[PDB]
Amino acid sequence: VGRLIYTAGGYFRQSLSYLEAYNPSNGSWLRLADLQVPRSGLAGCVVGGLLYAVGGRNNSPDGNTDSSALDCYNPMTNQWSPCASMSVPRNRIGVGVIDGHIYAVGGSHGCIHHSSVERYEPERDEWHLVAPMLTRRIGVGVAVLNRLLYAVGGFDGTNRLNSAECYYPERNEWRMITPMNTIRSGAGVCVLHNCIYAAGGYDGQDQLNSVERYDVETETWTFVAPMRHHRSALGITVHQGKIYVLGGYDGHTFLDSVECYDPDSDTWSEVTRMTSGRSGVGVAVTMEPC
């Protein structure tokens, strides 16, 4: 009990510093401490009850600065603190957590599209590089299932991708997996039960409402019910057995919609609206602030 969906940063006209938290139990939103630096294209994750904001870019009227930053938010204090920075700036990053370590995957730095991957150790406040992916990927979806790390889709600098790959930590090795049925950059990627889900994104032509899921045992991708809204650069998380998608861009509007997927019924429902439309947010779940 007492867990909230946190949304950090984002983009609307410029990169945003907002930290807002939604309570699925009562529908309430709270505005919390702003990020020290506005960022879009970042990822959020939680280790040990602390919320981490990783990477991104500060788009402002006075510049565009890709971020190598790792910042941690403590809900007990409602304060952000800087952590050790990554080896490189990574905009449109993907992040996953394995056994208390944060993996930062891909992303861009100017015209560079990274294949590099690095791993954060909160106990030592240190980053170290690990094996790079087989493909350069920005706007990559990342999720962790059964202590394996998946990198899904993205953009390699020339083509948007339907390919995906899996990292095996004990061998420090990446292997390709079955590609998705759809090309997707800027999808929301998460894990629910035994599947990796890829929701929305941009196929090079249109923003997508389709959603597909990879069963790690059968190695197949299967479509599920589509979202109500086409969305790229959406936020995504899982909470109490349901997927939540937040915001994004539908080709016309920066969305304030939040939709919830129920796997038992294979349906999406609109559950709330953010306080303003935005894309490129980082999202994660942790305890409510004190």
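So that there is no doubt, residue numbering starts at 1 and follows the sequence shown.
Averaged over their C-alpha atoms, the temperature factors of 74 to 82 and 110 to 118 are higher for 74 to 82.
A summary of the deposited B-factors shows that, of 58 to 66 and 234 to 242, the stretch with the larger mean C-alpha value is 58 to 66. Among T158, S87, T178, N209, the highest C-alpha B-factor in the deposited entry belongs to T158. When the modelled residues of the chain are ordered by their C-alpha B factor, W29 lands in the highest third. Sort the chain's modelled residues by C-alpha temperature factor and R136 lands in the lowest third, per the entry. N162 sits in the middle third of its chain by CA B factor, as recorded in the PDB entry. Residue-level temperature factors show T218 in the middle third of its chain, judged at the C-alpha atom. Split the chain's modelled residues into thirds by C-alpha temperature factor. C45 is in the middle one.
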